[PDB]
C-alpha cells in the first residue's frame, strides 16, 4: 500500500478538518503517519527531502506531504477528496459524494 508521511509545523479550522479527514482515510485501510517539529524533530533531519525542503522554503513552508517518498503537496493540507485521489479510495468509502 502507499504511505503518506505528513511533516507538520510545530503548530484553526484547516488543522481540525485535516484531522477529521485523516480519520476517514485511515479507516478505509490507508497508511498515514504524521511528524511535527515539536514532538518528532529528528524525523525532519533524517528524511533527505524534508531537510532540503526546510532549507529551501523555510519551516514556514510546512506542511510537506510525501506519498511513497515523493512530494505531493507543500504549504497547505489536502482536502478529503485529494487524499481519496492519492490513495485510489472511492469517495463513498470516506464519507464523500460527487
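Numbering follows the first chain given and starts at 1.
The deposited sequence places 10 or more unmodelled residues between residue 11 and residue 12.
Stretches 69-77 and 40-48 differ in mean C-alpha B factor, with the higher average recorded for 40-48. The question of which stretch, 13-21 or 78-86, has the higher mean Cα B factor is settled in favour of 13-21.
Ranked within its chain, residue 63 lands in the lowest third, by CA B factor from the PDB record. The deposited CA B-factor of residue 56 belongs to the lowest third of values across its chain.
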